[PDB]
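>>> Opening with a subset of the complex:
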Amino acid sequence: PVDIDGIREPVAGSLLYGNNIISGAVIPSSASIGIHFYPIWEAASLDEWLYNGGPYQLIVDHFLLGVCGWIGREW
Amino acid sequence: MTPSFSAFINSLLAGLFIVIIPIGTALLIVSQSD
Amino acid sequence: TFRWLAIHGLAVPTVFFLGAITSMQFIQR
Amino acid sequence: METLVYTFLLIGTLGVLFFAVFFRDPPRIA
Amino acid sequence: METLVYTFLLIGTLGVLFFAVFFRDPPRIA
Amino acid sequence: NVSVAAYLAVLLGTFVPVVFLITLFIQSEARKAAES
Amino acid sequence: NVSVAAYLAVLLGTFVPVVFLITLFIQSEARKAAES
Amino acid sequence: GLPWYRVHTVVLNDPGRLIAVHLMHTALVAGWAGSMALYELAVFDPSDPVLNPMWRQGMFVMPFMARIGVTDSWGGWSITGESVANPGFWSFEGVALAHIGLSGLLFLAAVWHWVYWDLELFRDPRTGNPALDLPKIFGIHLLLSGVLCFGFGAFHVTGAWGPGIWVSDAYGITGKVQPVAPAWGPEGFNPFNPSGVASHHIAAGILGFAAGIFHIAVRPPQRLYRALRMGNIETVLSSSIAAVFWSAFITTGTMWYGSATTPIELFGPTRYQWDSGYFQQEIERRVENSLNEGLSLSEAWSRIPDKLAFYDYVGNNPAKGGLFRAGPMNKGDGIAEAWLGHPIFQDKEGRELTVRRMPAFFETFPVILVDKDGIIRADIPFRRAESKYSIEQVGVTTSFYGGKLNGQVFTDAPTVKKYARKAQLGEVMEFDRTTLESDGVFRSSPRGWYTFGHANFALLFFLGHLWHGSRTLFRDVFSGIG
Amino acid sequence: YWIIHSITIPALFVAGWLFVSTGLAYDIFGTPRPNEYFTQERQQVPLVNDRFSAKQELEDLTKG
Amino acid sequence: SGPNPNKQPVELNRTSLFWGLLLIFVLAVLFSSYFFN
Amino acid sequence: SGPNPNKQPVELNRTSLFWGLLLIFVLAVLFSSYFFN
Amino acid sequence: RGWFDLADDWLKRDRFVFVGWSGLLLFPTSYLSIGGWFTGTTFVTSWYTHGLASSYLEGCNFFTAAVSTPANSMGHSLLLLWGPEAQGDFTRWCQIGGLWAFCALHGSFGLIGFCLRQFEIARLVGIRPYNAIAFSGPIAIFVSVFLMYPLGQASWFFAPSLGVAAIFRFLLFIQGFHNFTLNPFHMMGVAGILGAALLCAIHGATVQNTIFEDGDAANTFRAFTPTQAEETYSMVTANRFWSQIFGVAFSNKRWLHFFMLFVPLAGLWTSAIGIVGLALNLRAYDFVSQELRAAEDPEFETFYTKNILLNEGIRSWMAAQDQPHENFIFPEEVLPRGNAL
Amino acid sequence: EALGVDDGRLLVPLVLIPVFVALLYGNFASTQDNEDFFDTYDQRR
């Protein structure tokens, strides 16, 4: 679960933590992160990175690059 | 005969004489004329 | 023509409503 | 246990997409 | 509820027997 | 007080082999009808 | 959280239509192979 | 070859195999009826007919069996709760067997027709091609319909040579199967008069008999034969689908709004009875009348039947369930055991306060207690919210009249708040949720499930009417234009 | 074309203007004027309560 | 009885098979959460 | 790649289908009591 | 010939506007529905039904003007002008919301007339009637939303009012009281609509970008003429492009156009099924397992629970003004707030 | 902070890899006819 509001109150969005396909989601990054660049190597631990919603930033950045590449590849 | 039944019958008559009869008259009058 | 009728059935209310709305524009509201 | 059903359904859908892409009926001019 | 499953299995077996008897491949001399 | 997956096992182990046999028989009959 | 009925509904609802489509496709391919 | 969605069109021009597949569908339907009745019997509990009725146990076909006379059972019980000495072959167990027996016969007939697809009857003497005189078949079938219709009304709904139908009071406290005489005046037209059913079926049966004679004797005009494509079976299919979704819409409306053919003891209360307080006004009415007699409040509320109080409960509202909240209403809020009695709330000053009842639209409703003039005196605050009119701060107290808690006064805030939450649901009832592991989320009555299913079926059959009518009116131009 | 329209289209517009200017619109469609939304007494929202006495109710509400 | 002239072969192409499998799996994914409630 | 010369058609006659259906149903009847325990 | 024949000949004449037999139902009903909507949004108020001002005469603009639904005291009454509610009085009929019933009924009959018009013109031109089957989608939408939903509810009051802001209010009201986004049939409808828009855009771009060079001009719209026996764009090039870009591509034009027809129609019919389910409050509002998990675990939170809280907020903070007939009075303490959770 | 390079070792990939590939490209570049074309694009390849 990810502390999205940055208030030590984690929100679960994973299938293993009690979500179904409809409720399941990749929770956005922590509000304490803001729009700071948050890769894996910029977190103290992997648990910290998962707790602050780092995978959301990873997926968003790689997806947004992939769709730009898809536009270019269609051309 | 409640006022409701009287409204119903007059509604049937008005629909006949304001909608059905005028429109039908026109179609027969113009269809036959052309 | 039938077109005449349909055009006037559209237009005679259209101009009436335009006049009504223009009058509504000058209400003290 | 329902998580196993959800994962199975998602993986089955992805496999159906894979087989539809790489094992489609090959288009030919007739 | 398991009684429903037992009854369903028994009637399915009886129906399979019925179809095997009355819808078999008709023997012929070759 | 019966089990739960128990129903799943019974129903699927009945259906999976039945639909396989039915599919095989229908395929064979289709070949026979197409060739004839 | 629902009973094996919810599991039976999802698994059978998925399989009964899947095996029907697979049987139909295999029958069609069998006819195509037999006639060619 | 044929696509998957046109396969059954092989029996479009084969009358024998069309009869075979229709026989198969009738066999499947009858087998479903018998199996559903047997399953419902295996699950039905006749222990508590007043507080655990059939509509609280998810019974679907049992209400339709009980509507037109089947009330006894081979187990020595009846739905009215009377103990039947000699049930009789026509019992829900017997009726369930009869539907299954019919299904077996239909399957054998369908196979015989399928094997003998080629019968002389089916062939046109003139051309030697399989054909069906529908205008005539319609007439023969219409005439058959009229006879069966007239018959149900004259011998069954009336009781001349039949059991009669289910007739109850205005508040579903005393209802049973009984003969109903026909009402030939205008009073036979309101949906809430059972006599109208008998008069309708008799008159419509006679008219249908006459119409069948006509449609047998008289051939259709050439203009109608060419316009409606009466030589094509698909126009019959389209018209039949149109009439069936028409009837489906009508039955959906009668079930949802209520009728003499949808008794509340068989299908449960309607939502509009809760919206207008149909049972609450009667309960208050009875209490006032008892008080006018001099009877004290406790005696007045003790004269109220449990069934009537259970009707004035929002958990029995059909508009409180969910689409995927499956199972009976007992699975939803537990099985009702006994009526706890009417609660009365009084503040420190002594004003009588009423908990505003929950409208069916709200999944959650604020708990507010209001005085005679409608001022809010107390409320349960939204969780962890600072308040000024809390039940603890205003000191509301609850005194029960009638039921198990009759004569008991509760001053403690936790108990008062619990009863106040329960009071917003209408009459306070005690439920057990261990026997069925109930989740506490309201389910829907069989009335609501029937309404939902048949409304969706009617819409999809309107789509089918459009498609099949387009198909039969555009047969020449299908498969491409020129 | 332009001859007849030069004397009826103008009138049609003016008629609409007058309909509103005179206040007939309010009288015909029952739309409350800006000074009669809340009567001194009825300072609350007026709502019909019964369907079969709706005409009388509205006559009572709009009498002021 | 005898040979029935109305017998017709039934064909389902691969595209139709994949369309059907995708539809069934997607409907299962959608309605599984609601069936499990 | 290319057409493989080892491909052979599979046949299941009706007697074999009925034998298989009977075997599966009988095994289900036998083992249902033990699976339900 | 016979009167019918001559009337049929006249109604079928090739004029600028086709009339036909279906026109006798379509033109008056549709004209009256449109005119009644304009009259309601221009003059008729909603003060005695909703406690709202909804006319240009009252000061509303295009967005906030609406033909509001009848009062909740009317129930599911046909609200005939001669009916017992109005008793022939036009002013009282407009004040009780009878103009909404006028518009809704004459508009439903206008939709029926337009569907019959599509059928009749298709029968004339000699083409398959795949129109009036596509239009069955919008017909089902209108029937489920404006007719079946209020009929399943308490009265016509809970139907959508014929206005922009009224439609937005209906959206938010249904979301608050039903959680309609969570409804799977609504999800299928959203998928159908978005996929239809995707198909329209992608098919237009694909055709425009695979045209044959049939002209010497840089602007290629002149290179096409309707009397062409040759295709104006390369299906093979488009199939190759989409098969090596997306992994799958259309090879049959007929199937492609039938699919572009089928997706929005299926989406609309699924959404209609969902709205019919909503009509009886038979809604996929909540997941029981998630509610039970949240009840026994205060630290368990998902976006579904946040949506449930948001729907509770819409219901409590709108009930008072959206349903003035109920006379809802909620103190500030009972109103839910994120601060107090 | 210049490329997110907080450790000098990060500059060994950012330089060696672009150079090495460029070296592969230099062979393509030496094989091309590199005289000027008066055209929208060079078709010589």
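Received it, and whenever you're ready, just let me know what you need. Numbering: from 1, shown residues only, chains lettered A, B, ... in the order given.

>>> How about the contacts made by residue H:338?
When contacts are counted by CB atoms under 8 Å, 6 or more residues apart in numbering or on different chains, residue H:338 touches H:51, H:306, H:403-404, H:429-430. For the C-beta atoms, the positions are set from N, CA and C on the backbone; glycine is no exception.

>>> So which residues of chain I form helices?
In order along the chain, chain I carries the following helices (DSSP state H): I:2-18, I:24-29, I:54-61.

>>> One more: chain D?
Here chain D has its helices, by DSSP H, at D:2-22.

>>> And for chain L?
Defined through DSSP H, the helices belonging to chain L, from first to last, are L:3-11, L:20-42, L:90-95, L:98-125, L:136-142, L:149-152, L:164-178, L:184-208, L:235-245, L:253-279, L:288-295, L:303-322.

>>> Residue 24: what's it in contact with?
Defaulting to chain A. Under the contact definition (CB under 8 Å, 6+ apart), the residues listed for residue A:24 are A:13-15, D:6.

>>> that's the other chain; I wanted chain L
For residue L:24, the contacting residues are B:23, B:27, L:11, taking CB under 8 Å, 6+ apart as the criterion.

>>> Likewise for residue B:3?
Contact partners of residue B:3, counting by CB under 8 Å, 6+ apart, are L:84, L:87.

>>> Pull up the gap between it and chain F, please.
To chain F, residue B:3 is 65 Å away according to CB to the nearest CB, to the nearest Å.

>>> again, but for residue L:264
35 Å.

>>> tally of neighbours for that residue?
For residue L:264, the tally of surrounding residues (other CB atoms under 10 Å in any protein chain shown) stands at 21.

>>> Then residue H:458?
Based on other CB under 10 Å, the number of other residues close to residue H:458 is 21.

>>> Equivalent analysis for residue H:254, please.
By the criterion of other CB under 10 Å, residue H:254 has 15 neighbours.

>>> Secondary structure element holding it?
Element membership of residue H:254 [criterion: DSSP states H and E] is helix H:233-257.

>>> and that helix, how far out from the chain's middle?
Helix H:233-257 has its C-alpha centroid displaced from the chain centroid by 17 Å (CA atoms, centre = their mean, to the nearest Å).

>>> Please name the nearest non-neighbouring residue to residue L:289.
With CB to CB, 6 or more residues apart in numbering or on different chains as the measure, residue G:1 is the residue that lies nearest to residue L:289, at 3.6 Å, once sequence neighbours are left out.

>>> so is the one you found in a helix, a strand, or just coil?
coil (DSSP: H, G, I helix; E, B strand; the rest coil).

>>> Append chain N to the structure above:
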Amino acid sequence: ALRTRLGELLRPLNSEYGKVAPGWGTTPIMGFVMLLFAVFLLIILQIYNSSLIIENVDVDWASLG
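Alright, chain N goes in next:
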């Protein structure tokens, strides 16, 4: 085509396929009966809808007793 006793018994009922009456036949009678049926449906609908209140026709549950 198999001949049966029941087939020969019911054969005249399925003998006049395509037989039609000349012109319009009984079409005005059908239209008149359809108009009467439409009026009857309107009457019963407005009675259920409570837009039509005949005396001694209380469309209500309380009319049951």
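
>>> same question on the contacts of residue H:338, but with chain N included?
Counting by CB under 8 Å, 6+ apart, residue H:338 makes contact with H:51, H:306, H:403-404, H:429-430.

>>> now the angle from the helix holding residue H:254 to helix L:253-279?
20 degrees (axes from the mean of the first three to the mean of the last three CA atoms, to 10 degrees).

>>> Tell me who's in contact with the residue nearest the centre of chain D.
Note on chain D: the residue nearest the mean C-alpha position is residue D:16, at 1.0 Å, using CA atoms, centre = their mean. Residue D:16 makes contacts with J:18, J:21-22, J:25, as judged by CB under 8 Å, 6+ apart.

>>> 6 Å instead?
When the contact criterion is CB atoms under 6 Å, 6 or more residues apart in numbering or on different chains, the partners of residue D:16 are J:21-22, J:25.

>>> Next, count neighbours for the residue of chain D found nearest chain B.
In chain D, the residue that lies nearest chain B is residue D:30 (52.1 Å; CB to the nearest CB). Counted with other CB under 10 Å, the burial measure for residue D:30 works out to 3 neighbours.

>>> So which other helices or strands are in contact with the helix or strand encompassing residue F:15?
Taking DSSP H and E as the criterion, the element that holds residue F:15 is helix F:5-35. Counting contacts by 3 or more CB pairs under 6 Å, 6 or more residues apart in numbering or on different chains; DSSP states H and E, helix F:5-35 is packed against helix G:4-35, helix K:14-36.

>>> Return the residues in contact with the closest residue to chain I within chain C.
Per CB to the nearest CB, the residue of chain C with the smallest distance to chain I is residue C:19, at 2.6 Å. By CB under 6 Å, 6+ apart, the contact set of residue C:19 is I:13, I:16-17.

>>> Now tabulate those in TSV and tack on neighbour count.
As requested, the contacts of residue C:19 are exported to TSV (neighbours: other CB atoms under 10 Å in any protein chain shown):
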residue	neighbour count
I:13	18
I:16	24
I:17	18
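
>>> can you give me the helices for the stretch 151-300 of chain H?
When secondary structure is read from DSSP state H, counting those that start in this stretch, the stretch 151-300 of chain H shows helices at H:194-217, H:222-227, H:233-257, H:264-267, H:271-275, H:278-292, H:297-302.

>>> what do you get for chain N?
Listed in chain order (using DSSP H), the helices of chain N are N:5-9, N:27-48.

>>> dump the residue contacts of the residue nearest the centre of chain A.
Chain A has residue A:56 as the residue nearest its centroid, 1.5 Å off, counting by CA atoms, centre = their mean. The contact partners of residue A:56, by CB under 6 Å, 6+ apart, come to A:26, A:28-29.

>>> any idea which helix or strand carries it?
Assigned by DSSP H and E, residue A:56 belongs to helix A:54-74.

>>> Go ahead and add chain O:
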Amino acid sequence: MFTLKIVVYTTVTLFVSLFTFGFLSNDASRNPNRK
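Placed with the earlier chains, chain O looks like this:
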């Protein structure tokens, strides 16, 4: 953390360099109308 960062930097630099030098390799000539 440094090793993951150096691996990611290596991979990203490799792919970006491949992209850049691939579009520098006379990409316009790679069309079916080129002679």
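
>>> let's see the neighbour count of residue H:254 again after adding chain O.
When neighbours are counted by other CB under 10 Å, residue H:254 comes out with 16.

>>> And it, how far from residue H:206?
Remark: distance between residue H:254 and residue H:206 (CB to CB, to the nearest Å) = 23 Å.

>>> Same question for residue L:166.
According to CB to CB, residue L:166 and residue H:206 sit 50 Å apart.

>>> what about these two, which has more around it?
Set side by side, residue L:166 and residue H:206 give different neighbour counts by other CB under 10 Å, the larger being at residue L:166 (23 against 16).

>>> Please verify my assumption that that one contacts residue L:64.
No - contact between residue L:166 and residue L:64 fails when scored by CB atoms under 6 Å: they sit 8.5 Å apart.

>>> ok so, going back, let me know the angle separating the helix holding residue H:254 from helix N:27-48.
With the same axes, to 10 degrees applied, the angle from helix H:233-257 to helix N:27-48 works out at 20 degrees.

>>> What lies in contact with helix H:233-257?
Surrounding helix H:233-257, the residues in contact under the criterion CB under 6 Å, 6+ apart are H:134, H:228-229, H:262, H:447, H:450-451, H:454-455, H:457-458, H:461-462, H:464-465, H:468-469, H:471-472.

>>> Contacting chain A as well, which ones from those residues?
Among the contacts of helix H:233-257, not one lies near chain A by CB under 6 Å from any CB of the partner chain.

>>> Mind checking which of those land in helices?
Filtering the contacts of helix H:233-257 for helices - DSSP H - leaves H:134, H:447, H:450-451, H:454-455, H:457-458, H:461-462, H:464-465, H:468-469, H:471-472.

>>> What is the nearest of those to chain A?
residue H:455 (24.8 Å).

>>> Could you count how many residues lie near that closest one?
Here the count is done by other CB under 10 Å, and residue H:455 has 27 residues near it.

>>> Equivalent analysis for residue H:177, please.
Summarising burial for residue H:177: neighbours were counted as other CB under 10 Å, giving 22.

>>> Next one: residue H:321 relative to chain A, how far apart?
Using CB to the nearest CB, one obtains 19 Å as the distance from residue H:321 to chain A.

>>> Distance-wise, check that residue relative to chain L.
6 Å.

>>> and if you look at residue D:14?
Relative to chain L, residue D:14 is positioned 13 Å away (CB to the nearest CB).

>>> what's the burial count for that residue?
By other CB under 10 Å, neighbour count at residue D:14 equals 11.

>>> Please apply the same query to residue H:6.
Other residues near residue H:6 come to 12 when the count uses other CB under 10 Å.

>>> Angles on the backbone of it, please.
Dihedral pair for residue H:6: phi -120, psi 10, per degrees, to the nearest 10.

>>> No further queries at this time; thank you.
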